[PDB]
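Heads up, the chain below is alone and in the form solved without the ligand; it's given as structure tokens.
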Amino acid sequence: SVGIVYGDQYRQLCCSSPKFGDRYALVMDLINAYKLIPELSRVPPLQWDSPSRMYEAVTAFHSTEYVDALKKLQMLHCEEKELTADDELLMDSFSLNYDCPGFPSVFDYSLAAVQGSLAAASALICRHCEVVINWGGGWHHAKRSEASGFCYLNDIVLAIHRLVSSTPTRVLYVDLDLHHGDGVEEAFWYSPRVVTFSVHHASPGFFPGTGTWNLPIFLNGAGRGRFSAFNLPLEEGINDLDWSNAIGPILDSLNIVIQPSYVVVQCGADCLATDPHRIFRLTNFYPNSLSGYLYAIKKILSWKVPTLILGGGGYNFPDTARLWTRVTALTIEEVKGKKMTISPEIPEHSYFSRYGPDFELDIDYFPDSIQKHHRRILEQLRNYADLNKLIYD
């Protein structure tokens, strides 16, 4: 079965932020308009028996002091009065400012993704689903005691932690977002059981700054986690095929050597040619150019390993819905072996007018550095195998 995280309270909470507005409502409504919902298993978000149980779940990664500050920030934003100088200073010490400000539902919004990604991990653990999708999750930048790049709570780290601790176990994390997945990489830096891999753009002054050369060398983990953090920085302007050729062999070689028990894929839509970032030139095209996202999702799904698929970045809301709707249909096709015919025209639904003026499912777009990175990565995987006493071909 293929699971998808949703609910009425979950939808209201996922649509309550000022940065992502109603994006989640558009993604789920396009999936529903295309009659994909009957083919999917509804995975309800996790709920706790008490504030103590919730705090124990979140503090498996975040500090109590940061969680307290985030809850206080919500309370302060449900009042018209300005924050005191002392409260501004407290929030600044946790970076609860600038790109991560307060708003009336900041804590409920952030916790909602945690609730969804933990429930998604649980459904894989009990074998109820073979793959689970969470389009409200994928907040890769959040750190132990720091909000970062629109991420307040790291739902990915908490989901992976639940997976790695499930047997009385190895997880492969694949980060497809345009930005380097620093928060997840940092959390498992000292752990060989979680292997992280991020493909992204990296250039001077481009967020977050990491996932590139530090004689410059790549840092890749420490202690028992040495060689367990993998990075592929790419130049701006990369199309579907070149991005596909750069990642394909790395993905296949990580599966062969690591042999993960679970795969967690962060599927941020900010690499799309139509994203306001305008860095990469990836599409959502599915031939009967092939979308970079659709090529990598298909490859990962062909391994037959229980997989968690998450959202993330994606600033052109209708185009993010166009891609994630196609990811959802491909996942059904690949897991169930049931053809999902999707009409090239947008079906009529509540958000139809947002897909104008053409109303098409395809995004409206017309189209040896990698070799040295490939040789560096092949050597890192060999050192990872040598240190971890794994048998490789």
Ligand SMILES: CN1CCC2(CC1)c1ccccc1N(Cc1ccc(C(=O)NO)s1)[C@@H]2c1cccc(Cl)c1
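When you see a residue number, it is the position in the sequence shown, counting from 1.
What comes next is about the form solved in complex with the ligand, which is not displayed.
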Because the test is whether 3 or more atoms of the ligand fall within 2.4 angstroms of backbone or C-beta atoms once its pose in the deposited bound form is superposed, the call for this site is open
Exercise. Using heavy atoms and a 4.5 Å limit, would one call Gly211 a contact residue for the ligand in the deposited bound form?
Worked result: yes
Self-check item: Partner contact for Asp319 in the deposited bound form: the ligand, 4.5 angstroms, heavy atom
Solution: no
Requested in this report: Check whether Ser291 has any heavy atom within 4.5 Å of a heavy atom of the ligand in the deposited bound form, and answer yes or no.
Outcome: no
### Query
Counting only non-hydrogen atoms and a 4.5 angstroms cut-off, does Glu186 reach the ligand in the deposited bound form?
yes
Residue within 4.5 Å of the ligand in the deposited bound form by heavy atom, from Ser228, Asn284, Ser110, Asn231, is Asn231
Partner-free chain; cross-checking the ligand in the deposited bound form, the single residue of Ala296, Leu219, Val257, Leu83 with a heavy atom within 4.5 Å is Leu219
In contact with the ligand in the deposited bound form (heavy atoms, 4.5 Å), from 235-243, 186-194, 249-257, 71-79, is stretch 186-194
